[PDB]
Amino acid sequence: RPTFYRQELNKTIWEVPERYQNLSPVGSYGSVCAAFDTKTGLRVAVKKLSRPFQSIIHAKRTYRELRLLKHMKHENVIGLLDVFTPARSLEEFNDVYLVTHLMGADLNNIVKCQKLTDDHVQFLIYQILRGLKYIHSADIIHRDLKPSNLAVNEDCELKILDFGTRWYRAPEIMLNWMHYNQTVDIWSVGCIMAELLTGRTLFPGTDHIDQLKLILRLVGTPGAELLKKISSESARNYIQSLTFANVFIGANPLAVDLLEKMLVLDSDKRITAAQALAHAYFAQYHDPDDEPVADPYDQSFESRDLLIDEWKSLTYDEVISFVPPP
Ligand SMILES: COc1ccc(OC)c(CCC(=O)Nc2cc(-c3[nH]c(SC)nc3-c3ccc(F)cc3)ccn2)c1
Ligand SMILES: CCCCCCCCO[C@@H]1O[C@H](CO)[C@@H](O)[C@H](O)[C@H]1O
Ligand SMILES: CCCCCCCCO[C@@H]1O[C@H](CO)[C@@H](O)[C@H](O)[C@H]1O
Ligand SMILES: CCCCCCCCO[C@@H]1O[C@H](CO)[C@@H](O)[C@H](O)[C@H]1O
């Protein structure tokens, strides 16, 4: 057990291993500080969870977040550098701290409402796709992918985050459809990509209905095959009452082709992440031997209704069993 020290930050007492120095608040689920990790030489973000075991819902959430972070081992997806508790036993366990690489720019910061060059767009979207292939292979769907959930460093390395607008959500998410396909996230990539190419938001809806109307105006009324998949006659009648190489003028035709395959209303006909990686638009970056898939992810916990003390114990087990990455 390393030796811990104490310090007052964000209105509570933080207690961290000595390896972590120069804590400085940076945001506030709880609270985040920047630090320097003297063991590794990395700038890190240390998150101290707020009220992790206050209720059944908080406890399950805490367990979910830890299980997710511990599973994610991939260059383009946020990973866990460390997890700790000052507690010496389960009975003493009340606090969880999570550590990852410090991130200081998201994709909005990278763009600044400027068209990126085509080569740049290829490299960014290639990385998002490469991440999404990995996440989707573990049977995980992000469901709210957007620029603020995409960290980019100074060498233009991108990571998918699950933290920091409805503009990039899939339309079926916006309709509380359920039964989501992993291609919900592909919708979102098409929205991001469009914006990188043009410098403008693709579907800047003012409200929920406005957004849906903008979407229908771009990609058109559902076709016959999609209309068969909607049981409600009223939904159909309403949709019909509401109803690329032109909108993306000047762009690389391979970018337009890809956009057309991602921004498809019918989720069952959207390109998958793995098929998108093999699209010609990415020939300069594509490597089929370096687009890894995840180990299987045991999500049996998600359907469980457990008591607080069991969610806390499971979490404690995951804290103890953590092995830092290479
Ligand atoms: C240092 O100078 C800056 C310049 C610009 C800037 O804006 C992006 C910021 C904000 C930096 C920031 O908040 N970085 C950060 C946050 C986190 C973070 N944020 C959240 S909100 C729920 N959670 C985490 C986090 C931290 C550790 C962990 F294991 C998991 C998630 C992770 C990594 N980096 C800082
Ligand atoms: C690091 C990027 C990975 C994507 C993180 C999102 C996957 C979250 O996982 C999910 O949390 C939701 C919250 O109630 C539930 O709706 C989903 O059932 C659960 O699966
Ligand atoms: C502007 C859009 C009008 C509303 C469109 C809602 C149509 C989708 O509604 C959905 O249809 C599915 C297929 O029948 C059902 O399984 C889903 O429960 C329902 O959410
Ligand atoms: C904007 C109003 C029309 C939106 C139509 C969205 C259609 C989304 O696509 C649908 O997604 C479901 C998974 O969620 C699948 O079960 C359906 O088979 C697929 O047709």
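Excluded from the calculations below are hydrogen atoms, water molecules and symmetry mates; all remaining heavy atoms, backbone and side chain alike, are included. Start at 1 with the first residue, then count along the sequence.
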Can you see which heavy atom on [X] is nearest to which on [Y], and at what distance?
X: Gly104; Y: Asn109; value: O-ND2, 4.0 Å
X: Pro292; Y: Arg130; value: CD-NH2, 3.6 Å
X: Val247; Y: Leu218; value: CG2-CD1, 3.9 Å
X: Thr62; Y: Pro52; value: OG1-O, 3.0 Å
X: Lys60; Y: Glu302; value: NZ-O, 2.8 Å
X: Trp311; Y: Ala59; value: CB-CB, 3.4 Å

Quick check: do [X] and [Y] have side-chain heavy atoms less than 4.5 Å from each other?
X: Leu124; Y: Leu116; result: yes
X: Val99; Y: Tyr20; result: yes
X: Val16; Y: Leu23; result: yes
X: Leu265; Y: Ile215; result: yes
X: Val319; Y: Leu66; result: yes
X: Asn252; Y: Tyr281; result: yes
X: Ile186; Y: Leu129; result: yes
X: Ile271; Y: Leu258; result: yes

Salt-bridge present ([X], [Y]; N to O < 4.0 Å):
X: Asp257; Y: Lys261; value: yes
X: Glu75; Y: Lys159; value: no
X: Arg88; Y: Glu15; value: no
X: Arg304; Y: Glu310; value: no
X: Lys73; Y: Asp295; value: no
X: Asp268; Y: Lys229; value: yes

Transitive ILVMFWY cluster of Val32, excluding itself - 4.5 Å side-chain cut-off: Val26, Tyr29
Can you classify the ring geometry of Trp187 versus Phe203 as parallel (below 30°), tilted (30 to 60°) or perpendicular (above 60°)?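 Ring orientation, 0 to 90° scale: parallel.
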Parallel under 30°, tilted from 30 to 60°, perpendicular over 60°: which one fits the rings of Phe301 and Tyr63?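 Geometry flag for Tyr63 against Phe301: perpendicular rings.
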Would a distance-only check, ignoring hydrogens and angles, find a side-chain to backbone donor-acceptor pair under 3.5 Å from [X] to [Y]?
X: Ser188; Y: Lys146; value: no
X: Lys213; Y: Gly205; value: no
X: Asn94; Y: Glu92; value: yes
X: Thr40; Y: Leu42; value: yes
X: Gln275; Y: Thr272; value: yes
X: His208; Y: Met174; value: yes
X: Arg270; Y: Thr183; value: yes
X: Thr85; Y: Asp95; value: yes

To the nearest 0.5 Å, tell me how far [X] [atom1] sits from [Y] [atom2].
X: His142; Y: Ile173; atom1: NE2; atom2: CD1; value: 10.0 Å
X: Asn10; Y: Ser28; atom1: CG; atom2: OG; value: 5.5 Å
X: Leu81; Y: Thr100; atom1: CG; atom2: OG1; value: 5.0 Å

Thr201 vs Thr165, side-chain contact (heavy atoms from CB on, under 4.5 Å): CA-CA, chis, key distance, verdict: CA-CA 11 Å; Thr201 312; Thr165 289; over 6 Å; no
Shared hydrophobic cluster, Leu307 / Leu314 (ILVMFWY, side-chain heavy atoms < 4.5 Å):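 Different clusters.
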Candidate pair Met72 and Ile135, rule side-chain contact (heavy atoms from CB on, under 4.5 Å), full reasoning: CA-CA 8 Å; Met72 293 294 92; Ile135 294 163; 4.2 Å; yes
Is it true that the side chains of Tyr285 and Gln127 contain a donor and an acceptor less than 3.5 Å apart? no
Quick one: do the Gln122 and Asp118 side chains pair a donor with an acceptor below 3.5 Å? yes
Is the number of heavy atoms from other residues, nucleotides or ligands within 6.0 Å of [atom1] ([X]) greater than 12?
X: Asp210; atom1: CG; result: yes
X: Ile249; atom1: CD1; result: yes
X: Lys269; atom1: NZ; result: yes

Which pairs pass side chain to side chain donor-acceptor pair (under 3.5 Å) with one or both residues in residues 313-326, sequence neighbours excluded?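 Matches after skipping sequence neighbours: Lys70-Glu318, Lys70-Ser321.
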Given side chain to side chain donor-acceptor pair (under 3.5 Å), test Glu172 with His179 step by step and report yes or no. CA-CA 9 Å; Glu172 60 269 36; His179 289 113; over 6 Å; no
Quick one: which of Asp162, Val77, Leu68 gives a side chain to side chain contact (heavy atoms under 4.5 Å, CB included) with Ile140?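 Among the candidates, only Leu68 passes.
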Carefully, step by step, assess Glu18 and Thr3 under the rule side chain to side chain donor-acceptor pair (under 3.5 Å). CA-CA 6 Å; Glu18 64 196 348; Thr3 120; 3.3 Å; yes
Could you go through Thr117 and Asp119, starting from their C-alpha distance and side-chain angles, then the distance that decides it, and tell me whether this counts as side chain to side chain donor-acceptor pair (under 3.5 Å)? CA-CA 6 Å; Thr117 65; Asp119 287 327; 5.3 Å; no
Trace of the side-chain contact (heavy atoms from CB on, under 4.5 Å) decision for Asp185 with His136: CA-CA 9 Å; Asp185 291 336; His136 287 169; 2.8 Å; yes
Given ring pair (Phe, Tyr, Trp, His ring centres under 6.0 Å), test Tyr97 with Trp14 step by step and report yes or no. CA-CA 9 Å; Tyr97 301 81; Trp14 288 46; 5.7 Å; yes
Do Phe93 and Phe53 make the cut of ring centroids closer than 6.0 angstrom?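 Ring centres of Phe53 and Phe93 closer than 6.0 Å.
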Step by step, would you call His120 with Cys156 a side-chain contact (heavy atoms from CB on, under 4.5 Å)? CA-CA 9 Å; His120 202 196; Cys156 205; 3.3 Å; yes
Geometric cation-pi criterion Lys47 and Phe163, 6.0 Å radius, 45° cone: yes
